[PDB]
Structure formats: structure tokens, C-alpha cells
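S.K.: got an experimental structure here, sequence first:
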Amino acid sequence: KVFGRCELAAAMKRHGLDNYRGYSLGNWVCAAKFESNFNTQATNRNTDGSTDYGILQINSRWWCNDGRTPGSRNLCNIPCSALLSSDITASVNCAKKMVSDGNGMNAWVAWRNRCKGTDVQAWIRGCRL
């Protein structure tokens, strides 16, 4: 499912992401935009053989099991396919663990390079929240 900007913002808020670990909602919407372009079915293979899944592009080496990443840790205890659902609950619950990992949102390369330090408020601008 390809979310619309404001539809995603509202779903993430309902799921408790607004200000989770101090990151405003605009940060999470910006991250999703640049990570998957609001597409829940997005996947990308990395050179180390791992794969990034879903709306927030969560990696198989540490967070989910895809049955094809040797040494994977599966910290969120879910099959990576669950991260591609139209229902973003699993993606959100796993993201809460990642962001709490000590590195904050820097864990997401597109957030660090394209969202960090920018006017993230624009991402929820105009939405009925």
C-alpha cells in the first residue's frame, strides 16, 4: 500500500510515534518518504546480502528474519514479510526498538542525510491530525 503524506502521519500518530524518543512526527514522515516513498511493499538488497523491508526499510541482519541472511539476529522477532503489510503496526513496533538502540534516528541513512536538521514540520503541514 502506498500511503498519502497525511494519511501516514495520522496512522503513525495513532501508533504513538509522535515525539517517541523526542522525535517529532515530521521526522518519521520524512524518513518514510525518503526510505520507501510511502510504499509498504518496498524492499532493497544490500551488498552484504541483507535486505531492507517496508515503509521504514528495516534491515534483515538485525531486526527481522527473512530466512536468507546468515547471522541475522531477529531483534523484533518477526518474519521480514510482516514489515510489508498495509497495516503498519509491525513496522512501527520494530522502529521503536531500533530508534531506542542508542543511535536514535541516525540508524536510518536517508533520515540522517535528507531529514536531519531540515524543517521537518513541513511534512505534516496542512494535515488534519
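M.R.: Structure received. Residues are numbered from 1 along each chain as shown.

S.K.: contact partners for residue 93?
M.R.: When contacts are counted by Cβ atoms under 8 Å, 6 or more residues apart in numbering, residue 93 touches residue 76. From N, CA and C alone the C-beta is placed, and that goes for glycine too.

S.K.: that one and residue 114, how far apart?
M.R.: Distance, residue 93 to residue 114, using Cβ to Cβ, to the nearest Å: 24 Å.

S.K.: same question, residue 72
M.R.: Counting by Cβ to Cβ - residue 72 and residue 114 are separated by 27 Å.

S.K.: these two: which has the busier surroundings?
M.R.: More crowded of residue 72 and residue 114, by other Cβ atoms under 10 Å: residue 72, with 20 against 15.

S.K.: that one contacts residue 61, correct?
M.R.: Yes - in terms of Cβ atoms under 8 Å, residue 72 counts as a neighbour of residue 61; the distance is 5.6 Å.

S.K.: now do the shared contacts for these two.
M.R.: Jointly contacting residue 72 and residue 61 under the rule Cβ under 8 Å, 6+ apart are residue 50.

S.K.: just confirm residue 23 contacts residue 100, I think it does.
M.R.: No - applying Cβ under 8 Å as the test, residue 23 and residue 100 come out as separate, 11.0 Å apart.
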